[PDB]
2 protein chains.
Amino acid sequence: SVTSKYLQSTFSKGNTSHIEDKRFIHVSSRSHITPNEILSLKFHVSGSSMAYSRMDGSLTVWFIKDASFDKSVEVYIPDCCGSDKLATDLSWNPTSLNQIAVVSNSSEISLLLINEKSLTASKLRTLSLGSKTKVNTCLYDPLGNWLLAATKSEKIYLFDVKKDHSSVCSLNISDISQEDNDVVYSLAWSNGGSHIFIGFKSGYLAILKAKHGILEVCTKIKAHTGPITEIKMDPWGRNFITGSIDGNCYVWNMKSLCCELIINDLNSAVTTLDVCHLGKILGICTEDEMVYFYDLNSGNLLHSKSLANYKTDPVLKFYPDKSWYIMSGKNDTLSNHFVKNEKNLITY
Amino acid sequence: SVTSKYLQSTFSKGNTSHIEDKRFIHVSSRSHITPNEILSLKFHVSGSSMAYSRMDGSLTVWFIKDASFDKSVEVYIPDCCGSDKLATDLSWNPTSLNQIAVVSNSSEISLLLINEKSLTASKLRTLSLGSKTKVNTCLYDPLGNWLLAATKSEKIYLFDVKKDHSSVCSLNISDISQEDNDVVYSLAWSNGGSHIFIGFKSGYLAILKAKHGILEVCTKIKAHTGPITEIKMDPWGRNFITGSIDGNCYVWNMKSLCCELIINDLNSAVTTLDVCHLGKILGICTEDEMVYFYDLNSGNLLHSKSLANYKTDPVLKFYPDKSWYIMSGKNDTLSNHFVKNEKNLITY
């Protein structure tokens with residue numbers, strides 16, 4: 001019951017700060033409009049940086065140095081990756097401390113090294129592929145050993161990041177799916193780059209081996225009856241969580257690959273999910289503008305809330321180095337959460 | 001008394017919209033700094049465009065299509081006319097619908113055609129003169145037949161805009177003034193390019209003939225006892241208004257060139273003035289941060305206000321096609337004014 005009180009305190013009068021971004025001051029001036037979006041938001045591994053990209057085209061990055069974003073510098077940058085094209089996915093390159101990979105639904109993958117002394121985001125390199133190929137998702141092996149780039153259909157590329165991003169291998173999606181017109185919806189890496197977990201739209205789930213740089217199909221299981229939205233992994237490495245659009249959220253055992261626990265209070269589709277860095281609490285953002293916080297070990301609801309028709313598409317992410325979580329606010333504005341006197345659950 | 005009620009309604013709770021520019025959102029974000037300036041602001045003749053230039057170097061232009069700037073596009077552009085040099089005066093070229101002349105206190109006059117489909121302001125041409133010559137004011141004959149460029153001393157140039165801006169003539173200021181170290185403070189054209197009205201600093205006022213492209217001194221009258229700040233003309237063409245820094249505002253009869261009406265409630269210097277497109281109401285912005293609205297026909301005060309130490313240097317301009325007026329706000333931010341149900345005074 002300690003975790004329930006902790007979450008309640010994290011939802012209190014204080015212990016909360018508004019992330020002061022461009023959209024925040026925009027709403028402050030125009031309220032005291034059509035909300036663009038938040039395409040994606042992804043931390044650095046060491047828990048001391050953050051990056052995200054709205055629909056306008058501008059990607060913001062913060063260098064966390066304070067709790068309530070007091071002394072946190074902010075490198076705002078205009079619509080990068082072209083003037084017409086906007087960013088859709090980014091990976092933070094766990095190898096170094098500054099590099100970033102960004103994709104813009106085009107045939108060009110941009111590698112930019114963000115600098116913190118100035119506000120200059122200088123394009124370091126651009127990678128290109130076949131002219132028709134339209135990739136939109138990039139990922140980094142959590143050890144910084146492989147890079148993955150995926151299309152909505154009929155292309156999957158793996159580069160070796162060590163040897164100057166030499167194109168290592170590729171694969172046609174129709175060889176992985178073997179169904180009628182499947183479109184990969186979400187990808188994820190295993191803890192320590194050894195396997196790639198892919199969730200198609202037709203419902204299937206595939207596990208590809210990427211040991212020595214040669215992709216191969218290990219297995220395919222008919223997990224869900226609708227498109228798979230998100231795929232997350234437990235940090236301790238014992239189970240991986242699958243959330244779908246048919247209203248189900250399962251947790252699969254890693255050693256044996258069989259369903260072990262099911263979330264049953266759900267009655268709506270899932271838009272995203274996330275699990276804390278301690279592998280203890282599981283946050284589900286359903287489609288009825290509502291968030292839930294479940295317990296991983298037992299599987300019973302321990303906290304609920306209600307978005308109340310503010311920023312229809314929400315986002316949730318748990319810090320990789322503290323028990324804090326960034327959650328969307330009212331009008332596409334981010335809202336930090338903490339307790340200001342508890343860095344981790346154990347200290348509580 | 002209809003005009004007094006009209007002006008009062010134009011100063012009401014509603015019937016007012018903030019012009020949303022870069023500085024506006026800047027103040028909204030930093031308030032919810034040192035104000036740069038507004039160097040100049042000048043409409044298009046047809047009343048469907050606006051342009052102005054701050055001190056930062058960036059010149060904004062709006063394509064009026066709405067009352068409260070809802071659907072009005074905005075072509076923001078960075079520091080044009082060089083990176084070091086900033087704009088000081090611009091003319092809108094009544095001939096065409098897009099050209100603009102801009103001067104930057106240098107020996108180069110830039111002609112740029114602003115495009116509305118994109119946000120691109122493309123430099124069309126640059127005009128150059130003697131290396132030492134430092135012009136800072138440009139003007140267009142209200143029929144689009146002549147162009148005038150003036151220096152702070154010892155140069156006045158007139159180009160023929162019809163024949164590809166061929167240099168038509170020039171004149172040394174010392175030939176016009178014939179006094180001790182005079183510096184031209186404000187120029188203005190007569191209704192239909194036939195004469196140029198020049199106001200020096202020593203107090204004199206000169207009328208030059210520019211009929212067939214050859215400047216000549218017609219007359220010089222000792223109008224004021226201090227530097228002349230602004231010179232405006234009545235749209236009906238019967239009297240021209242002169243405002244000085246010694247605290248006087250006179251209206252001179254056009255046919256006979258003799259003082260006819262004097263503003264006497266004034267007790268401070270004048271920074272600018274303007275008269276509506278109907279030649280009925282006269283707006284004076286004095287130096288004590290206060291505006292007055294007088295009646296042209298009678299000469300008695302009909303409305304007063306108070307800037308109250310917000311944006312020390314104010315600006316006022318009356319629409320050339322409606323009875324609305326753009327006036328500065330609190331921190332170098334523009335503030336439109338209207339009634340939303342009265343396009344012209346007559347309709348009232």
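Values as computed for the structure displayed
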read-out	value
Long-range HN-HN contacts of A:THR229 with modeled amide H, under 5 Å	A:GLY243, A:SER244, A:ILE245
Segment B:67-112 - Debye-derived log10 I(q)/I(0), Cα point model, q = 0.14, 0.16, 0.25 Å⁻¹	-0.44, -0.56, -0.96
Farthest toward positive dipole pole in chain B [+1 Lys/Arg, -1 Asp/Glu at C-beta], among B:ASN172, B:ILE64, B:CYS259	B:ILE64
Nitroxide proxy distance, nm - points 7 Å out along Cα→Cβ at A:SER48 and B:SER166	7.1 nm
Alpha-carbon radius of gyration plus Dmax, which is the widest Cα pair, for chain A in Å	19.9, 57
Whole-Hz couplings from phi, Karplus 6.51/-1.76/1.60, listed for segment A:334-344; x for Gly and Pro	7, 9, 5, 8, 7, 10, 6, 9, 8, 5, 9
Point-charge dipole on Cβ atoms (K/R +1, D/E -1) for the protein assembly as shown, about Cα centre, debye to 20	260 debye
Average other protein chain Cβ within 10 Å of Cβ, residues B:22-29	3
Over 24 Å (Cα to Cα) - which of B:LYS5/B:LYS340; A:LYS311/A:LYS343; B:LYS163/B:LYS220; B:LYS71/B:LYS340; A:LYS13/B:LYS22 fall in this group	A:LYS311/A:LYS343; B:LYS163/B:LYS220; A:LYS13/B:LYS22
Estimated FRET transfer efficiency (B:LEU113, B:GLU216; beta-carbon r; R0 30 Å; 0.05)	0.35
Relative contact order, percent, segment B:266-329 [alpha-carbon distance under 8 Å, six or more residues apart]	27 percent
Long-range Cα-Cα pairs in segment B:276-332 (distance over 15 Å), rounded percent	51 percent
Computed lengthening from B:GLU37 to B:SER128, 0.36 nm per intervening residue step minus Cα-Cα distance	30.1 nm
Calculated label separations, B:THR34, copies of the chain, 7 Å along the beta-carbon direction, nm	4.0
Nearest-first distances (nm) between copies at B:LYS85, label 7 Å from Cα via Cβ	3.8
A:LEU301-B:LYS340 pseudo-label distance in nm [points 7 Å out on the Cα-to-Cβ vector]	4.5 nm
Segment B:208-348 - Debye-derived log10 I(q)/I(0), Cα point model, q = 0.22 Å⁻¹	-1.45
Sparse-neighbourhood loop sites, trypsin sites (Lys or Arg not before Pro) in segment A:169-241 - DSSP loop, at most 12 other Cβ within 10 angstrom	A:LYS211, A:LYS222
Listed residue (A:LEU97, A:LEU143, A:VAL183) projecting farthest to the positive dipole end of segment A:36-195, Cβ model	A:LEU97
Whole-angstrom gap from segment A:260-337 to segment A:133-167, using each part's C-alpha centre	29 Å
Once the Cα gyration tensor of segment A:55-178 is diagonalised, semi-axes √(5λ) in Å	28, 17, 13
Electrostatic dipole magnitude of chain A [Cβ: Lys, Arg +1; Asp, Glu -1; Cα centre; debye, to 20]	680 debye
Ellipticity estimate at 222 nm from DSSP helix runs (n ≥ 4, -39,500 (n - 2.57)) divided over the protein assembly as shown, nearest 500	-2000 deg cm²/dmol
Estimated inter-spin distance, B:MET290 and B:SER194, nm [label 7 Å along Cα→Cβ]	3.9 nm
Segment B:127-192: C-alpha gyration tensor shape, a/c 1.5 cut-off, then a/b vs b/c	oblate
Full-extension gain in nm, B:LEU97 to B:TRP236, via 0.36 nm per residue minus C-alpha separation	47.6 nm
Dimensions in Å of segment A:107-163 - Rg and Dmax from alpha carbons	13.1, 42
Convex hull of Cα atoms in segment B:163-264, direction-averaged projection (nm²)	7.1 nm²
Distance histogram in 10 Å bins (all Cα pairs of the protein assembly as shown, percent per bin)	2, 12, 19, 18, 13, 12, 11, 8, 4, 1, 0
Inter-copy label distances at B:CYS218 (7 Å, Cα→Cβ; nm, one decimal)	9.3
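Coordinate-derived values only; no laboratory data. With ideal geometry, Cβ positions are generated from the backbone for all residues, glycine too; neighbour counts draw on all protein chains shown.
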